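For reference, the structure discussed in these notes is given below.
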Amino acid sequence: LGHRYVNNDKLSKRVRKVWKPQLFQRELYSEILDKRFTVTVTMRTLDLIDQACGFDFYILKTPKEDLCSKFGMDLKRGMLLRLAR
Amino acid sequence: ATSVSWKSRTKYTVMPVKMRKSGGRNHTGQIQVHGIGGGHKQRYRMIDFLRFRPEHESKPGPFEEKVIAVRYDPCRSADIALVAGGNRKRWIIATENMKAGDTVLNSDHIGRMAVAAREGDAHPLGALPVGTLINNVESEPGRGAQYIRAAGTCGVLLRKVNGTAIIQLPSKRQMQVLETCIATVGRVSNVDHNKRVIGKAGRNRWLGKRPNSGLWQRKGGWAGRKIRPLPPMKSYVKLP
Amino acid sequence: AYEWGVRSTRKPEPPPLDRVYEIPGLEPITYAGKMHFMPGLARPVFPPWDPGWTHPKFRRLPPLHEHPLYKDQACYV
Amino acid sequence: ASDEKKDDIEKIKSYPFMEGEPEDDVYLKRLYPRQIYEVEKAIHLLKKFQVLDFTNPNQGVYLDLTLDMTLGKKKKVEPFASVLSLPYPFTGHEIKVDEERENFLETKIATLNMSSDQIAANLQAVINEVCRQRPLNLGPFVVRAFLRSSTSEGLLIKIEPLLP
Amino acid sequence: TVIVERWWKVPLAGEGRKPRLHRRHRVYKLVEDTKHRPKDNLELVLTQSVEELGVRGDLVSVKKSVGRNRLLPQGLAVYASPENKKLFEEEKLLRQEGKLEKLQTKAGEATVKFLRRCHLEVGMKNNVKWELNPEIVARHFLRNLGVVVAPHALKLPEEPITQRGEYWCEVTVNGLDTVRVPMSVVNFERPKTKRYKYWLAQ
RNA sequence: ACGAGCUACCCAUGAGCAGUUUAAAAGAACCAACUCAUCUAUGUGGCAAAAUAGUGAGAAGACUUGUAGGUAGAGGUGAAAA
RNA sequence: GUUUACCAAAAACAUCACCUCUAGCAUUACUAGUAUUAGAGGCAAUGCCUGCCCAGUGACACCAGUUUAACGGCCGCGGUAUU
RNA sequence: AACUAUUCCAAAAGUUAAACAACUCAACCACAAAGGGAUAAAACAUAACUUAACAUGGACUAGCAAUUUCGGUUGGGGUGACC
RNA sequence: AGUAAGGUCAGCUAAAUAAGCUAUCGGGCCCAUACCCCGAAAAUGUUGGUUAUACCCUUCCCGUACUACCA
Ligand SMILES: [K+]
Ligand SMILES: [K+]
Ligand SMILES: [K+]
Ligand SMILES: [K+]
Ligand SMILES: [K+]
Ligand SMILES: [K+]
Ligand SMILES: [Mg+2]
Ligand SMILES: [Mg+2]
Ligand SMILES: [Mg+2]
Ligand SMILES: [Mg+2]
Ligand SMILES: [Mg+2]
Ligand SMILES: [Mg+2]
Ligand SMILES: [Mg+2]
Ligand SMILES: [Mg+2]
Ligand SMILES: [Mg+2]
Ligand SMILES: [Mg+2]
Ligand SMILES: [Mg+2]
Ligand SMILES: [Mg+2]
Ligand SMILES: [Mg+2]
Ligand SMILES: [Mg+2]
Ligand SMILES: [Mg+2]
Ligand SMILES: [Mg+2]
Ligand SMILES: [Mg+2]
Ligand SMILES: [Mg+2]
Ligand SMILES: [Mg+2]
Ligand SMILES: [Mg+2]
Ligand SMILES: [Mg+2]
Ligand SMILES: [Mg+2]
Ligand SMILES: [Mg+2]
Ligand SMILES: [Mg+2]
Ligand SMILES: [Mg+2]
Ligand SMILES: [Mg+2]
Ligand SMILES: [Mg+2]
Ligand SMILES: [Mg+2]
Ligand SMILES: [Mg+2]
Ligand SMILES: [Mg+2]
Ligand SMILES: [Mg+2]
Ligand SMILES: [Mg+2]
Ligand SMILES: [Mg+2]
């Protein structure tokens, strides 16, 4: 959420502008839970999955501040309890 | 406040059902369509558009029904006729010359040579002759009749190619449809509905039309006699 | 065909379950302990109500085939 | 010089090429790039192909040269016809030019039965002859070479060492 | 994902304190959008040989969309993690020590697939006597089928051929997979004449 | 933020129109209840922040009317009088 | 018939009629309808009529072009039959 | 600007892929064709096309609409004139 | 009143390279006239200034045109 200048000129009109991420519908597979979740994911999330070399690695390596999703924390907590138990 | 639509009945019944007018107000409560409201109270008759509907799935063969009476329907501009067969009754749109004590045949068997076209029979477009007048056109198999239901409106079949029928709508626009769709042969009743003359302003209020607004709007560029080529044929056949 | 139901008039379907119930081997945290709604807590799923003692007026109507005189043959009255 | 032909010169330069026979004994020409480069091997192979595809021993080798006769300056140079007699003429020959001006020339070199050394000597003379039209060093004049016989396909000659 | 920066400078706060944000600090400008960049490729390790990609235990930099949709979900490939690479590298050592790979290279597998369904036209000219030898047969692969065949790889049925007919040729790639391709010896024709007579007419 | 208990329009649910003239319950005709408010005179801090007296137009319809619900100010509503 | 409740009740608006324009169709308006239908407008019953003009503008076609019951337009100077 | 509608590009999803204009003038071959006098390379280092419903970023057109002003002197202002 | 604005052969137009059409004058064709063919003549409203002139400006004159409003 923010403002912008038309024509990228300072002396121009000030305009309210909202930028929204492009959402995609994908289903992901987790080895720890062996269940498929249809989760609204973004292209950045998929890149982070490949960067961590695994969907479970992405959840278990990224901290809370990086994830910013209650579903992710519950997904981590479900798998974290699975390993400990 | 959100309102509730009066279309809450779930089971089909031949008896008239209660009807509540809208007046152009949407569910929110604001005017969306002007010039509607303040009409005479009306009751709605449950009209069965799907001509071919067996009573039970045990015997899917063609069945023949009998016409009891032809009544006047306040909702639509045509005349509906009560039709009974087996253990149920149905309200279907009457053709030009349907009367009491008449027998109507409903069938779907696509025969190779032909089938004689009667004034009330409903046959699939694959069996009708080339030069046949039809109404209550079914756009897709099993969807039901949607097109050509106004008073006096009749479409004419044009040709059947590669197992597909092409018809002419009342708007003189060709339409392509699978030949297995059910259609009714004839012209819709109340032919002289177009020739009816309204004698006074009050009769418009009785029908349920409110007078137009008095604001004087200068004509824009949209006005004027426009000559435009006919749009291309609309086809509902999904080519694989 | 043209079914005579209307989406708005028909009873709405139950809301989708929360994501917590989809995670295997994870006990959800619900507000059923405080017996009142609270935002941020998962919606409980309760078993169908089973009154120990049947009440004549307030019980659900018995099925038609439960009647002793129910017969498969269709008789016309 | 038009940009349309500049793209074509870029495309032909971008075609992959590898040296030597790959590890696989049998492989598709689609999968692996051109391999045959040596002039001496190419001339012997054409004579070999005459044995493999039994025909007359005498064959006119109509060499195809993908000469870069453009991109000297922003304005293209015009085609010409330089005539120079080869040291081993076959039984002054004009250097024809493409009708479509697609930067390829088809000029006969010598007969198949001629020795490889003489044919290679004729090839070197042709390289100097075609470059005589634009001897400037600003831009390359030869891109690819394809030596084909009457009953054989061309081979990607490693013409880069023979340019000077 | 969009990337923006503020038009107006923000005053500093160097003691680990949150800086003051004003209304004029909300004015952003789009400097770059991540979706418009030329996207890269994804390297994956194949756990099963693909029809057009590499073989079991190979490194392929396939397109990013393909890996996420058909390769990884179906198990044909796994992530090319540094720990994952050495497992296949160690796995290769066991087979190649005793020559037990029998998997061919990335192109080698495609050679087997193409040769499984192919027919070679061995055009010979009857004006001069011709005898078929493995060197001659390999020539027709390059011209007709576009196949480069090593002279020793071909194993003819050892029967001399002097007339047109139908025969069979044995083709072996890397000494591991043996392919028996049909052989069709017909009268030779000039491709310029052949394509004019048949392709142009029909 | 709060307002459609006045008013503009609409959705529900109710309730009124006697006599007279005509094959007529015909947006016909005479005239009350009823509803509007043409003309003039009183009134002008008045009985009244728009009324009283006389006189008028419609009065089986595009008519009056009770209860209750809906549309809210960058709008609602309007047989356009901004 | 309707309107400026509280200075204008009218020649204003509406109206039957005629005409132009936009749309081939499903679960909350239009509509539980389907071009003899439904919207966005003009002009005002009936009767006799509604002439000429696509250059400009607008719209359509989205190219040539086509449209005025679309906005709008619909001429000078000089001489000539005794006067 | 937002918003509604039209159109394009990008993102996204999917589909297919290894390619054609001789003519024998001599002359071999019983044919069908052949040889001498050309039978290359290449397709594109990916390319091409399709994509319903939703929907992101960047542009184009139109509708609707937003912000803000409308100079001065003048034998009172406007008009003419002047600075 | 103010402002705007024009004058060109007898007539009407286009250019300032003063042209084109018609009218007028002479001749031919026809029984005669007209049509038609051929040939000739003809002007920049006015004064002054525009290197010098003309299309320009200025003066004079004729005539054309708009506006003259709030109380
Ligand atoms: K009707
Ligand atoms: K209310
Ligand atoms: K009072
Ligand atoms: K009145
Ligand atoms: K026009
Ligand atoms: K004064
Ligand atoms: Mg209706
Ligand atoms: Mg109207
Ligand atoms: Mg009007
Ligand atoms: Mg400090
Ligand atoms: Mg109220
Ligand atoms: Mg009465
Ligand atoms: Mg009356
Ligand atoms: Mg009133
Ligand atoms: Mg009174
Ligand atoms: Mg009075
Ligand atoms: Mg009196
Ligand atoms: Mg009266
Ligand atoms: Mg009256
Ligand atoms: Mg409110
Ligand atoms: Mg408003
Ligand atoms: Mg009103
Ligand atoms: Mg007005
Ligand atoms: Mg006004
Ligand atoms: Mg009146
Ligand atoms: Mg008033
Ligand atoms: Mg009054
Ligand atoms: Mg008429
Ligand atoms: Mg009239
Ligand atoms: Mg009027
Ligand atoms: Mg009038
Ligand atoms: Mg007219
Ligand atoms: Mg035009
Ligand atoms: Mg955008
Ligand atoms: Mg501002
Ligand atoms: Mg001013
Ligand atoms: Mg002033
Ligand atoms: Mg003054
Ligand atoms: Mg002025």
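Letters for chains follow the order of the structure tokens (A, B, ...), residue numbers begin at 1 for each chain, and ligand numbers begin at 1 in the order shown.
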
Can I get the residues close to ligand 18 as an MDAnalysis selection string, where close means within 10 Å and we count only C-alpha atoms (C1' of nucleotides) and all ligand atoms? chainID F and resid 30:31 56:59

Just-selected residues, N, CA and C atoms (P, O5', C5', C4', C3', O3' and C1' of nucleotides) written as a PDB file, in the first residue's frame:
```
ATOM      1  P     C F  30     -69.730  15.699 -15.021  1.00  0.00           P
ATOM      2  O5'   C F  30     -71.117  15.657 -14.243  1.00  0.00           O
ATOM      3  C5'   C F  30     -72.202  16.477 -14.650  1.00  0.00           C
ATOM      4  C4'   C F  30     -73.382  16.336 -13.724  1.00  0.00           C
ATOM      5  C3'   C F  30     -73.106  16.558 -12.245  1.00  0.00           C
ATOM      6  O3'   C F  30     -73.072  17.931 -11.894  1.00  0.00           O
ATOM      7  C1'   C F  30     -74.405  14.602 -12.525  1.00  0.00           C
ATOM      8  P     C F  31     -71.940  18.487 -10.897  1.00  0.00           P
ATOM      9  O5'   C F  31     -72.287  17.809  -9.499  1.00  0.00           O
ATOM     10  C5'   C F  31     -73.445  18.193  -8.772  1.00  0.00           C
ATOM     11  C4'   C F  31     -73.728  17.247  -7.632  1.00  0.00           C
ATOM     12  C3'   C F  31     -72.625  17.081  -6.600  1.00  0.00           C
ATOM     13  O3'   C F  31     -72.578  18.138  -5.657  1.00  0.00           O
ATOM     14  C1'   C F  31     -73.464  14.959  -7.202  1.00  0.00           C
ATOM     15  P     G F  56     -69.029  27.001  -7.152  1.00  0.00           P
ATOM     16  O5'   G F  56     -67.665  26.985  -7.972  1.00  0.00           O
ATOM     17  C5'   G F  56     -67.125  25.772  -8.466  1.00  0.00           C
ATOM     18  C4'   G F  56     -65.624  25.843  -8.571  1.00  0.00           C
ATOM     19  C3'   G F  56     -64.929  24.540  -8.933  1.00  0.00           C
ATOM     20  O3'   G F  56     -64.952  24.274 -10.322  1.00  0.00           O
ATOM     21  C1'   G F  56     -63.840  25.512  -7.085  1.00  0.00           C
ATOM     22  P     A F  57     -65.726  22.981 -10.875  1.00  0.00           P
ATOM     23  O5'   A F  57     -64.588  21.876 -10.991  1.00  0.00           O
ATOM     24  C5'   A F  57     -63.555  22.002 -11.955  1.00  0.00           C
ATOM     25  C4'   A F  57     -62.439  21.020 -11.704  1.00  0.00           C
ATOM     26  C3'   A F  57     -62.859  19.580 -11.459  1.00  0.00           C
ATOM     27  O3'   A F  57     -63.152  18.873 -12.651  1.00  0.00           O
ATOM     28  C1'   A F  57     -61.294  20.220  -9.823  1.00  0.00           C
ATOM     29  P     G F  58     -64.339  17.791 -12.674  1.00  0.00           P
ATOM     30  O5'   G F  58     -63.683  16.487 -12.036  1.00  0.00           O
ATOM     31  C5'   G F  58     -62.638  15.802 -12.708  1.00  0.00           C
ATOM     32  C4'   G F  58     -61.891  14.876 -11.781  1.00  0.00           C
ATOM     33  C3'   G F  58     -62.687  13.720 -11.198  1.00  0.00           C
ATOM     34  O3'   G F  58     -62.830  12.629 -12.091  1.00  0.00           O
ATOM     35  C1'   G F  58     -61.481  14.775  -9.476  1.00  0.00           C
ATOM     36  P     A F  59     -64.252  11.897 -12.247  1.00  0.00           P
ATOM     37  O5'   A F  59     -64.556  11.314 -10.795  1.00  0.00           O
ATOM     38  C5'   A F  59     -63.776  10.261 -10.250  1.00  0.00           C
ATOM     39  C4'   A F  59     -64.006  10.114  -8.768  1.00  0.00           C
ATOM     40  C3'   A F  59     -65.379   9.611  -8.351  1.00  0.00           C
ATOM     41  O3'   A F  59     -65.494   8.201  -8.432  1.00  0.00           O
ATOM     42  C1'   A F  59     -64.809  11.500  -7.055  1.00  0.00           C
TER      43        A F  59
END
```

Neighbourhood of ligand 33 at 9 Å, counting only C-alpha atoms (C1' of nucleotides) and all ligand atoms, reported as a PDB file with N, CA, C and O atoms (P, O5', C5', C4', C3', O3' and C1' of nucleotides), in the first residue's frame:
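Result saved to result-v2.pdb:
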```
ATOM      1  P     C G  54     -24.788  13.349 -49.394  1.00  0.00           P
ATOM      2  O5'   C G  54     -23.953  13.142 -48.058  1.00  0.00           O
ATOM      3  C5'   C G  54     -22.957  12.132 -47.970  1.00  0.00           C
ATOM      4  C4'   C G  54     -21.980  12.424 -46.860  1.00  0.00           C
ATOM      5  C3'   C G  54     -20.964  11.321 -46.584  1.00  0.00           C
ATOM      6  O3'   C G  54     -19.744  11.910 -46.141  1.00  0.00           O
ATOM      7  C1'   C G  54     -22.272  11.688 -44.655  1.00  0.00           C
ATOM      8  P     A G  55     -18.604  12.298 -47.203  1.00  0.00           P
ATOM      9  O5'   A G  55     -18.337  13.845 -46.935  1.00  0.00           O
ATOM     10  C5'   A G  55     -17.301  14.528 -47.622  1.00  0.00           C
ATOM     11  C4'   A G  55     -17.061  15.907 -47.058  1.00  0.00           C
ATOM     12  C3'   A G  55     -16.814  15.993 -45.562  1.00  0.00           C
ATOM     13  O3'   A G  55     -15.499  15.628 -45.186  1.00  0.00           O
ATOM     14  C1'   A G  55     -18.346  17.666 -46.196  1.00  0.00           C
ATOM     15  P     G G  65     -13.906   5.885 -48.012  1.00  0.00           P
ATOM     16  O5'   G G  65     -15.318   5.208 -47.718  1.00  0.00           O
ATOM     17  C5'   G G  65     -16.085   4.613 -48.755  1.00  0.00           C
ATOM     18  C4'   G G  65     -16.906   3.465 -48.225  1.00  0.00           C
ATOM     19  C3'   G G  65     -18.263   3.833 -47.642  1.00  0.00           C
ATOM     20  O3'   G G  65     -19.272   3.951 -48.630  1.00  0.00           O
ATOM     21  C1'   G G  65     -17.108   2.455 -46.116  1.00  0.00           C
ATOM     22  P     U G  66     -20.472   5.005 -48.445  1.00  0.00           P
ATOM     23  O5'   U G  66     -21.365   4.378 -47.284  1.00  0.00           O
ATOM     24  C5'   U G  66     -22.020   3.129 -47.456  1.00  0.00           C
ATOM     25  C4'   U G  66     -22.593   2.624 -46.156  1.00  0.00           C
ATOM     26  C3'   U G  66     -23.644   3.509 -45.506  1.00  0.00           C
ATOM     27  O3'   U G  66     -24.936   3.335 -46.059  1.00  0.00           O
ATOM     28  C1'   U G  66     -22.050   2.873 -43.888  1.00  0.00           C
TER      29        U G  66
END
```

Residues within 12 Å of ligand 35 should be enumerated using only C-alpha atoms (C1' of nucleotides) and all ligand atoms and returned as a ChimeraX atom specification. /A:12-15 /H:66-68

Which residues are near ligand 28 - at most 12 Å, using only C-alpha atoms (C1' of nucleotides) and all ligand atoms? Format: as a PyMOL selection string. chain G and resi 17-19+46-50+69

Please report as a tab-separated table every residue of chain H lying within 12 Å of ligand 6, along with the nearest atom pair and their distance in Å (one decimal), using only C-alpha atoms (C1' of nucleotides) and all ligand atoms.
```
residue	atom	partner	partner_atom_place_in_ligand_line	distance
H:74	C1'	ligand 6	1 (K)	10.8
H:75	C1'	ligand 6	1 (K)	4.8
H:76	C1'	ligand 6	1 (K)	5.9
H:77	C1'	ligand 6	1 (K)	11.2
```

Quick one: DSSP helix (DSSP H, G or I) residues in range 50-152 of chain E, as a CSV table (one decimal) with N, CA, C and O atoms, in the first residue's frame?
```csv
chain,number,residue,atom,x,y,z
E,64,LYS,N,12.0,-24.7,-15.6
E,64,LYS,CA,11.6,-24.7,-14.2
E,64,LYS,C,10.1,-25.2,-14.1
E,64,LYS,O,9.7,-25.9,-13.2
E,65,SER,N,9.3,-24.8,-15.1
E,65,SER,CA,7.9,-25.2,-15.0
E,65,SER,C,7.7,-26.7,-15.2
E,65,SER,O,6.9,-27.3,-14.5
E,66,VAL,N,8.5,-27.3,-16.0
E,66,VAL,CA,8.4,-28.8,-16.3
E,66,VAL,C,8.8,-29.6,-15.0
E,66,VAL,O,8.1,-30.5,-14.6
E,67,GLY,N,9.8,-29.2,-14.3
E,67,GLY,CA,10.2,-29.9,-13.1
E,67,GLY,C,9.2,-30.0,-12.0
E,67,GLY,O,9.0,-31.0,-11.4
E,68,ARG,N,8.5,-28.8,-11.8
E,68,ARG,CA,7.5,-28.7,-10.7
E,68,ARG,C,6.2,-29.4,-11.0
E,68,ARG,O,5.5,-29.7,-10.1
E,69,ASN,N,6.0,-29.8,-12.3
E,69,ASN,CA,4.6,-30.3,-12.7
E,69,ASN,C,4.6,-31.7,-13.0
E,69,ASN,O,3.7,-32.4,-12.7
E,70,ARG,N,5.6,-32.2,-13.7
E,70,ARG,CA,5.6,-33.6,-14.2
E,70,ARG,C,6.7,-34.5,-13.7
E,70,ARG,O,6.6,-35.7,-13.6
E,71,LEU,N,7.9,-33.8,-13.5
E,71,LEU,CA,9.1,-34.6,-13.1
E,71,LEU,C,9.0,-34.9,-11.6
E,71,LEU,O,9.0,-36.1,-11.2
E,82,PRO,N,23.1,-30.7,-3.2
E,82,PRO,CA,24.5,-31.2,-3.1
E,82,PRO,C,24.6,-32.5,-2.4
E,82,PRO,O,25.5,-33.3,-2.8
E,83,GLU,N,23.8,-32.8,-1.4
E,83,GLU,CA,23.9,-34.1,-0.7
E,83,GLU,C,23.2,-35.1,-1.6
E,83,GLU,O,23.7,-36.3,-1.6
E,84,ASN,N,22.2,-34.8,-2.4
E,84,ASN,CA,21.6,-35.7,-3.3
E,84,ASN,C,22.5,-36.1,-4.5
E,84,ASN,O,22.4,-37.2,-5.0
E,85,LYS,N,23.4,-35.2,-4.9
E,85,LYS,CA,24.2,-35.5,-6.1
E,85,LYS,C,25.2,-36.6,-5.7
E,85,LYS,O,25.4,-37.5,-6.5
E,86,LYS,N,25.8,-36.5,-4.5
E,86,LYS,CA,26.9,-37.5,-4.2
E,86,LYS,C,26.3,-38.9,-4.0
E,86,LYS,O,27.1,-39.9,-4.2
E,87,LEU,N,25.0,-39.1,-3.7
E,87,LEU,CA,24.4,-40.4,-3.6
E,87,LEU,C,24.4,-41.1,-5.0
E,87,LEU,O,24.7,-42.3,-5.1
E,88,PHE,N,24.1,-40.3,-6.1
E,88,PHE,CA,24.1,-40.9,-7.4
E,88,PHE,C,25.6,-41.0,-7.9
E,88,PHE,O,25.9,-42.0,-8.6
E,89,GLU,N,26.4,-40.1,-7.5
E,89,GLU,CA,27.8,-40.2,-7.9
E,89,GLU,C,28.5,-41.5,-7.3
E,89,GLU,O,29.2,-42.2,-8.0
E,90,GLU,N,28.2,-41.7,-6.0
E,90,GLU,CA,28.7,-43.0,-5.4
E,90,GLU,C,28.0,-44.2,-6.0
E,90,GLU,O,28.6,-45.3,-6.2
E,91,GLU,N,26.7,-44.1,-6.4
E,91,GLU,CA,26.0,-45.2,-7.0
E,91,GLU,C,26.6,-45.6,-8.4
E,91,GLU,O,26.6,-46.7,-8.7
E,92,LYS,N,27.1,-44.6,-9.1
E,92,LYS,CA,27.8,-44.8,-10.4
E,92,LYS,C,29.0,-45.7,-10.2
E,92,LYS,O,29.3,-46.5,-11.0
E,93,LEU,N,29.8,-45.4,-9.1
E,93,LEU,CA,31.0,-46.1,-8.9
E,93,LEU,C,30.9,-47.6,-8.8
E,93,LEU,O,31.7,-48.4,-9.2
E,94,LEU,N,29.8,-48.0,-8.1
E,94,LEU,CA,29.5,-49.4,-8.0
E,94,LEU,C,29.3,-50.1,-9.3
E,94,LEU,O,29.9,-51.2,-9.5
E,95,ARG,N,28.5,-49.6,-10.2
E,95,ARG,CA,28.2,-50.2,-11.4
E,95,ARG,C,29.4,-50.1,-12.4
E,95,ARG,O,29.7,-51.1,-13.1
E,96,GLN,N,30.1,-49.0,-12.5
E,96,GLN,CA,31.1,-48.8,-13.5
E,96,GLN,C,32.4,-49.5,-13.1
E,96,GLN,O,33.3,-49.8,-14.0
E,97,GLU,N,32.6,-49.9,-11.8
E,97,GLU,CA,33.7,-50.7,-11.4
E,97,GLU,C,33.7,-52.1,-12.1
E,97,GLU,O,34.7,-52.6,-12.6
E,106,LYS,N,23.0,-39.3,-22.1
E,106,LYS,CA,21.7,-38.6,-22.3
E,106,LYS,C,21.2,-38.8,-23.7
E,106,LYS,O,20.1,-39.0,-24.0
E,107,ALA,N,22.2,-38.6,-24.7
E,107,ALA,CA,21.8,-38.8,-26.1
E,107,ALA,C,21.7,-40.3,-26.4
E,107,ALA,O,21.0,-40.7,-27.3
E,108,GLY,N,22.5,-41.2,-25.7
E,108,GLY,CA,22.5,-42.6,-26.0
E,108,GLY,C,21.1,-43.2,-25.8
E,108,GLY,O,20.8,-44.1,-26.7
E,109,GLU,N,20.4,-42.9,-24.8
E,109,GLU,CA,19.0,-43.4,-24.7
E,109,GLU,C,18.1,-43.0,-25.8
E,109,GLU,O,17.4,-43.8,-26.3
E,110,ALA,N,18.3,-41.8,-26.3
E,110,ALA,CA,17.5,-41.3,-27.4
E,110,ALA,C,17.8,-42.1,-28.7
E,110,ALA,O,17.0,-42.3,-29.6
E,111,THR,N,19.1,-42.5,-28.8
E,111,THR,CA,19.5,-43.3,-30.0
E,111,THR,C,18.8,-44.6,-30.0
E,111,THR,O,18.3,-45.1,-31.1
E,112,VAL,N,18.6,-45.3,-28.9
E,112,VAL,CA,17.9,-46.5,-28.8
E,112,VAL,C,16.4,-46.3,-29.2
E,112,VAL,O,15.9,-47.1,-29.9
E,113,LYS,N,15.8,-45.3,-28.6
E,113,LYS,CA,14.4,-45.0,-28.9
E,113,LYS,C,14.1,-44.8,-30.4
E,113,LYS,O,13.2,-45.3,-31.0
E,114,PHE,N,15.0,-44.0,-31.1
E,114,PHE,CA,14.8,-43.7,-32.5
E,114,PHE,C,15.0,-45.0,-33.3
E,114,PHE,O,14.3,-45.2,-34.3
E,115,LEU,N,16.0,-45.8,-33.0
E,115,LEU,CA,16.3,-47.0,-33.7
E,115,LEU,C,15.3,-48.1,-33.5
E,115,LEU,O,15.3,-49.0,-34.3
E,116,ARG,N,14.6,-48.0,-32.4
E,116,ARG,CA,13.5,-49.0,-32.2
E,116,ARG,C,12.5,-49.0,-33.3
E,116,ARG,O,12.0,-50.0,-33.7
E,134,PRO,N,29.6,-53.4,-43.9
E,134,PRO,CA,29.2,-52.5,-42.8
E,134,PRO,C,29.6,-51.1,-43.1
E,134,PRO,O,28.9,-50.2,-42.6
E,135,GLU,N,30.7,-50.8,-43.8
E,135,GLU,CA,31.1,-49.4,-44.1
E,135,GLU,C,30.0,-48.8,-45.0
E,135,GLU,O,29.7,-47.6,-44.8
E,136,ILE,N,29.5,-49.5,-46.0
E,136,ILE,CA,28.5,-49.0,-46.9
E,136,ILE,C,27.2,-48.7,-46.2
E,136,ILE,O,26.6,-47.7,-46.4
E,137,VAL,N,26.8,-49.7,-45.3
E,137,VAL,CA,25.5,-49.6,-44.7
E,137,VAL,C,25.5,-48.3,-43.7
E,137,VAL,O,24.4,-47.6,-43.6
E,138,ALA,N,26.6,-48.1,-43.0
E,138,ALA,CA,26.6,-46.9,-42.2
E,138,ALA,C,26.5,-45.6,-42.9
E,138,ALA,O,26.0,-44.6,-42.4
E,139,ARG,N,26.9,-45.6,-44.2
E,139,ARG,CA,26.7,-44.4,-45.0
E,139,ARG,C,25.2,-44.0,-45.2
E,139,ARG,O,24.8,-42.8,-45.0
E,140,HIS,N,24.4,-45.0,-45.4
E,140,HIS,CA,22.9,-44.7,-45.7
E,140,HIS,C,22.2,-44.2,-44.4
E,140,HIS,O,21.3,-43.5,-44.5
E,141,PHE,N,22.7,-44.6,-43.2
E,141,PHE,CA,22.2,-44.1,-42.0
E,141,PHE,C,22.3,-42.5,-41.9
E,141,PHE,O,21.4,-41.8,-41.6
E,142,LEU,N,23.5,-42.0,-42.3
E,142,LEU,CA,23.8,-40.6,-42.2
E,142,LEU,C,22.9,-39.8,-43.2
E,142,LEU,O,22.4,-38.7,-42.9
E,143,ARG,N,22.7,-40.3,-44.4
E,143,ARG,CA,22.0,-39.6,-45.5
E,143,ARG,C,20.5,-39.8,-45.3
E,143,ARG,O,19.8,-38.8,-45.3
E,144,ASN,N,20.0,-41.0,-45.2
E,144,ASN,CA,18.6,-41.3,-45.1
E,144,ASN,C,18.0,-41.0,-43.7
E,144,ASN,O,17.2,-40.1,-43.6
E,145,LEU,N,18.5,-41.7,-42.7
E,145,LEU,CA,18.0,-41.5,-41.4
E,145,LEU,C,18.7,-40.5,-40.5
E,145,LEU,O,18.3,-40.2,-39.4
```

Set the distance at 10 Å and use only C-alpha atoms (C1' of nucleotides): which residues neighbour residue 72 in chain E once local chain neighbours fewer than 4 positions away are removed? I'd like the list as an MDAnalysis selection string. chainID E and resid 44:47 66:68 76:79

Mind listing the residues within 7 Å of ligand 9, only C-alpha atoms (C1' of nucleotides) and all ligand atoms counted, as a PyMOL selection string? chain B and resi 214-216

Quick one: pick out all strand (DSSP E) residues within range 9-103 of chain D from a backbone DSSP run and write them as a PyMOL selection string. chain D and resi 26-28+60-67

I'd like the neighbourhood of range 8-25 of chain E as a PyMOL selection string, where a residue qualifies if any of its atoms comes within 9 Å (using only C-alpha atoms (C1' of nucleotides)), though same-chain residues fewer than 3 positions away should be ignored. (chain A and resi 2-3) or (chain E and resi 28)

Do you know which residues are within 9 Å of ligand 29 using only C-alpha atoms (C1' of nucleotides) and all ligand atoms? Can you write them as a PDB file with C-alpha atoms (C1' of nucleotides), in the first residue's frame?
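Wrote it out as pocket-v5.pdb, contents follow:
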```pdb
ATOM      1  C1'   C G  43     -41.306  12.512 -30.497  1.00  0.00           C
ATOM      2  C1'   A G  44     -46.575  12.827 -28.837  1.00  0.00           C
ATOM      3  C1'   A G  45     -53.413   9.842 -30.299  1.00  0.00           C
ATOM      4  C1'   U G  46     -55.974   9.712 -34.926  1.00  0.00           C
TER       5        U G  46
END
```
